[PDB]
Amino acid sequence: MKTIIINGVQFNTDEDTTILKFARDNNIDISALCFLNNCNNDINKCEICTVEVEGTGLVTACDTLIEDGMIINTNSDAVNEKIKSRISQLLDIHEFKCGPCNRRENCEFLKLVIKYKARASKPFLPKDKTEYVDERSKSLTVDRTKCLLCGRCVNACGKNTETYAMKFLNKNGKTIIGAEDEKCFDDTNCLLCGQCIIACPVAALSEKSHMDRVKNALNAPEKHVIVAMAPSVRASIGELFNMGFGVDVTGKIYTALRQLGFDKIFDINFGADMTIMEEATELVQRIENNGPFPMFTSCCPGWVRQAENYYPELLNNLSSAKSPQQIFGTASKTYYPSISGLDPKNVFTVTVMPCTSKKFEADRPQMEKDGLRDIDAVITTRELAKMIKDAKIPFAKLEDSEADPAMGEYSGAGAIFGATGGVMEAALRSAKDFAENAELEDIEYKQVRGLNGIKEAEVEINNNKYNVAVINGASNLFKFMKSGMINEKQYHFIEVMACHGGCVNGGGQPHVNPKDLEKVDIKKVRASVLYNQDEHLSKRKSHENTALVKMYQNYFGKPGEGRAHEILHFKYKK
């Protein structure tokens, strides 16, 4: 037993944890900034977590272990003067103009400035902001006028992906963060997954904006603007409207999008059922052809970049089905004109994604046919939240509406796509029906669900056993390969997601305060919205989606053949 006194209050504890962890568990206030993902800024620690341990002096609570007989003061004058000084030094390298800033309503640094009444010794007012901003990437942007050099992005990149594509750099004698050799991130091994943005306390890292594309399209009278959101958006945008976590706001998003002036409200979960139509068909074909095995999913652009940059020999093993976003986009410029009379040229398709890598995918040169882009604009969950707020839409009090059904209906298989294992389960529900020409009632594949780094399961399909694997996060893909786990058995189908937890924890998602992250399992609570929708949907197999069956019946023909093979596919050769 340990006896520790914190602010004159006696505590007896069995545990071996840090002063910060103990404080956060016992309602004692200690501020923190550089500590995230169980690591602080080792080199150049922020010291916002300073507490006083009588006898030792000022220590950083985020990495100092509680000890028997320890007497801590978290709020003495010397502690507060030290913390206020460190925030003041950060204010000296921070362009403190919150009014137009994209983190204005949820900035961790603004909260610390208010809390300690910190003031810069000299206001940082850079005249030329172009020497601090890098907007060269199709997915990420850097604004160094806001960077605290707290290292949270560098640690999050290393942990979540193990690429270390985000680095500390010495530009002209001074420390900055950026890509290798200060290149555009797109030209390096970076996966453009945006986990560095998610880890940033301030507006120093952002998504590459597609808001002007959307604004101009809605204002162009001859353009018919389609919008379709990703699985994960309905499970998370409510967080930015003070609704809490795990709230299903699908119906509110549909109404908000109509109020924003979009001409047709569709859903990328329709595109998810399309990807399963093509990919489950392709899996049954590889089974019949005795290979090539394994087949990997090709729907995560972060993973496609990881395969192109680190494992190019695996590219021919990736599924030729386009991702839900791109397969939806292809059909929006071809099928959707045939059932509406719209000129293909006038259809402008916008998606809402939990992801920054999806902007890169949408802008890949060959993701078009006959000069028409599959996808014209991709805005993140955060960008749509700002669009709703700028338009003064009372999101939390909106009435529910439904999507327009032709490319808006989705099955429960499409609904779970945003969670790790979702694509795998959805694909198996169709591939087993397809391969043994039946309609099976047992459709839940709980063995591929959950937050484990690497998951596997043996599935019997048409009286033969097959091995599937789900790789949860880019660092776990590297582990799977480098450890030789890939060679313990013959894998036949492997799902790979670059973000830990799947797309519900994507790089374009709502930022979450580090205090709420320790209290709430964000990956499980966001994913639960999607599994609950599946549980309550009438159709739970992709091939039973009524709107999709008539789309293939009337326009595409059979999946994986003819017109479907001809335009709904994409294969990478580098």
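Residues carry their position along the shown sequence, with the first being 1. By rigid core we mean the largest C-alpha set that fits within 1.5 Å across both forms.
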property: Higher-deviation stretch (C-alpha RMS, rigid core fit) in 7 other deposited structures of this protein, choosing from 69-77 and 326-334; result: 69-77
property: Greater Cα displacement in 7 other deposited structures of this protein once the core is superposed, comparing 59-67 with 535-543; result: 59-67
property: 285-293 versus 372-380 - greater average Cα B-factor per the deposited record; result: 285-293
property: Entry-level comparison of average CA B-factors, 12-20 and 552-560, reporting the higher stretch; result: 12-20
property: Top residue by Cα temperature factor, when 487, 88, 155, 216 are compared in the entry; result: 487
property: Top Cα B factor in the deposited entry, candidates 188, 275, 161, 316; result: 316
property: Third of the chain's Cα B-factor distribution that residue 173 belongs to, per the entry; result: highest
property: Among modelled residues of the same chain, the CA temperature factor third for residue 515; result: highest
property: Chain thirds of CA B-factor: placement of residue 435; result: highest
property: Chain-wide C-alpha B factor ranking for residue 328, given as lowest, middle or highest third; result: lowest
property: Lowest, middle or highest third - CA B-factor, residue 74; result: highest
